[PDB]
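To keep things clear, I will list the structure first and then write my remarks on it.
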Amino acid sequence: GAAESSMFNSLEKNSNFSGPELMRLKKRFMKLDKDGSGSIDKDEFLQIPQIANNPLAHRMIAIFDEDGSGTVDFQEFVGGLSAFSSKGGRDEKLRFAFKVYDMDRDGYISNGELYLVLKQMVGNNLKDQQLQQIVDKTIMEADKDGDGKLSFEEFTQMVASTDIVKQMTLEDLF
Amino acid sequence: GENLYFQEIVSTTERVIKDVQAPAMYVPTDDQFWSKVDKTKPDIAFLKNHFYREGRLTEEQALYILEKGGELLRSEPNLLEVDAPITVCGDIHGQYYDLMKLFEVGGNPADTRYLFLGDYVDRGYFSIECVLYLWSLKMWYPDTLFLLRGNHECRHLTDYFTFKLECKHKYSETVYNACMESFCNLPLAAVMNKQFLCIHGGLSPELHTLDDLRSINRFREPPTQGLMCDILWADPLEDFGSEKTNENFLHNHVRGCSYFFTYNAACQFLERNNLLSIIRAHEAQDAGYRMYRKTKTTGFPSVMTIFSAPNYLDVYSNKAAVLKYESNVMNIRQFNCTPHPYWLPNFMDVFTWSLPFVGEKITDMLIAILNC
Amino acid sequence: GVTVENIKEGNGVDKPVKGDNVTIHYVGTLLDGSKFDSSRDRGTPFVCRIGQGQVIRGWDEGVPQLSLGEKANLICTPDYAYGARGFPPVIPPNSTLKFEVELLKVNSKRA
Ligand SMILES: C=CC[C@@H]1/C=C(\C)C[C@H](C)C[C@H](OC)[C@H]2O[C@@](O)(C(=O)C(=O)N3CCCC[C@H]3C(=O)O[C@H](/C(C)=C/[C@@H]3CC[C@@H](O)[C@H](OC)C3)[C@H](C)[C@@H](O)CC1=O)[C@H](C)C[C@@H]2OC
Ligand SMILES: [Ca+2]
Ligand SMILES: [Ca+2]
Ligand SMILES: [Ca+2]
Ligand SMILES: [Ca+2]
Ligand SMILES: [Fe+3]
Ligand SMILES: [Zn+2]
């Protein structure tokens, strides 16, 4: 099929996967797409077990939707998984973490963005005043151009101590 | 362009919780730092609020405070001879915002004479503020404010606990090494009104007369054992006054070093050196202070413990205390804690704190997708 | 893997099970007694769904051994805490943790 052939060789060049792996991803991709619509809906995602009771479910789906159509097609499904490849680069894994706190996808992390994302994960275990304070100090220490917002470079120069490669990798998968 | 509003609504484009003050983003200028009355000393009125708002100084500014205070402490002898009236304070342990209520309870340093027994750092996450404040205070009142050395004013415990991490975080290691060399100039003891020996820890089997304190070379780090160690580490025995042993000293298996001293040990020291009591700190008291057994010769408590850190470690929920002493009357005032801003454990920024949970849960879902 | 030392008695009737929502105040100390974190620092008890992998194995197996209102000492070996990796800035590798916990609430039943 000339149609599917163009999307296949394209993903084989951009993704950190190989041809044989992309066939297995297409298998599970169709295993979730229960209505055969060629994409995955939010109700189709939350239909999985571990995904439903997960505080980062809505964040993961949003990052996968690179265009923002409420659906995850195969090109997006492969793009989101490529960052977690054992053969994947360090910069690729850091960008997925950055997008977790960048809700509006404007390339910067703001005071409100940081507070809202954390409060969702934290809950009531931190007082609202306590989370706002630790967000205030985190930004001012990471900001170096006085914009009051955190760019990707300022985010990397702060999580350098953290080993994200171990956090953001699957290895045995695929 | 994407613009998100969350439901009374709020957007990501502004601070969500507004009632909480934001930190001091800007290091002070030369007009703010230097006093208008004396050009060689910092402005206490500015520093107090600047540190209250979680502000920070230049590296040059912090170093000047530690070196100019260190020159004052070095000139002072090992054994101070302070005079009444005076306010004696216990441990503060990096609790800067309680140090503010301490000075309201004890008195304004311009009108009052102070004696701190050390332990200004560690545990609390505002330790460099207490130091840079009190060191600045020493510059303004070197004849009326006296600071002593606790077991935490060294390289040993600051590296083992939180103070070395704080200096590395809020300033630099150059400040830390400047802070440690400044601590070595702190006097070790004090004789208040020719009646009370004032130390941090307690007595020692090498401490016999006050002349033994005068012979110490205090310009080093506290050793593993000996006089200079036990001065900062010794505790009274648990059953003090009610002891079941005729021993004068016993090994301190609680601290791991130095000794316990007993009632008979304290009384012998007071009787040989014509002293009325021993005023020390070290041990956190749930009531802020503690009176030990009265001497058989004078009826005055042999040892007094004074603790000035309220709600120690934010879990103890204890009281603090200061010793407002005059010869006619001895008044021990107690105060309660004051809210302080929140810090994650070990000064963690938000991302180091949250990424492991993100890296786990995001990974949990990806694995669940690969096994449908 | 985890040992439960009783400080104060509980009611001995209301014990958490897998799926229950517990509310616990705690204070975490290393073997050397130096504290690393405490919910009492934040003046708010810690809540979680016990027995579902949401917290470390020392908690997911020790909280069921408690009763409502009981003060306890959860002493977790590294294999039941954070392991040979530890927490990068807080919990050193191969650390044995001690959580002094107080089961304030199970589900919605207050103590
Ligand atoms: C902002 C989002 C993060 C989110 C943070 C909160 C909800 C605030 C909450 C009070 C955590 C504290 O924040 C001040 C702080 O509490 C500690 O100090 C602590 O006393 C501790 O040991 N606790 C907390 C009380 C329950 C037991 C244990 C825990 O199970 O903690 C859990 C934990 C870290 C599990 C890791 C996850 C990574 C795996 O790799 C690892 O597997 C080995 C196990 C916590 C509850 C996570 O489920 C949820 C989070 O992490 C940790 C020393 C470090 C931790 O900061 C993270
Ligand atoms: Ca679909
Ligand atoms: Ca799409
Ligand atoms: Ca943004
Ligand atoms: Ca910036
Ligand atoms: Fe102390
Ligand atoms: Zn001490």
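Counting begins at 1 with the first residue displayed.
If you're wondering, the header gives X-ray crystallography, 3.3 Å.
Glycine is no exception: its Cβ is also placed from the backbone N, Cα and C atoms.
Following the DSSP three-state reduction, the secondary structure of B:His152 (active site, proton donor) is coil. Residues annotated as active site, proton donor in Swiss-Prot, with similarity to another entry given as evidence: B:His152.
Sequence annotations record features per position, and here Swiss-Prot assigns Fe cation binding site to B:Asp91, B:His93, B:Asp119 based on similarity to another entry. Under the three-state DSSP scheme, B:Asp119 (Fe cation binding site) falls in the coil class. Around the Cβ of B:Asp119 (Fe cation binding site), the number of neighbouring Cβ atoms within 10 Å comes to 28.
Residues or ranges marked as Zn(2+) binding site by Swiss-Prot on the basis of similarity to another entry: B:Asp119, B:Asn151, B:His200, B:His282. Counting Cβ atoms from all protein chains shown, B:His200 (Zn(2+) binding site) has 26 others lying within 10 Å of its own Cβ.
Among the features that the PDB entry reports, expression tag is placed at B:1-7.
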Beyond the site residues B:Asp119, B:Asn151, B:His200, B:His282: chain residues whose C-beta lies within 8 Å of the centroid, for Zn(2+): B:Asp91, B:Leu117, B:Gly118, B:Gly150, B:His152, B:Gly201, B:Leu232, B:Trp233, B:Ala281
B:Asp91, B:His93, B:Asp119 excluded, remaining Cβ within 8 Å of their centroid (Fe cation): B:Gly90, B:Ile92, B:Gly94, B:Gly118, B:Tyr120, B:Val121, B:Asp122, B:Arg123, B:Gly150, B:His152, B:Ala281, B:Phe307, B:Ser308, B:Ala309
Nearest of the binding-site residues (B:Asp91, B:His93, B:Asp119, B:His200, B:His282) to B:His152 (active site, proton donor), judged by Cα-Cα distance: B:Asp119
Cα-to-Cα distance of termini bounding the 5-residue gap, B:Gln7 and B:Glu8, in Å: 6
Helix-strand-coil residue split for the expression tag (B:1-7), DSSP-based: 0 helix, 2 strand, 5 coil
In sequence order, those binding-site residues of B:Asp91, B:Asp119, B:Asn151, B:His200 whose CB lies under 6 Å from ligand 6: B:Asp91, B:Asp119
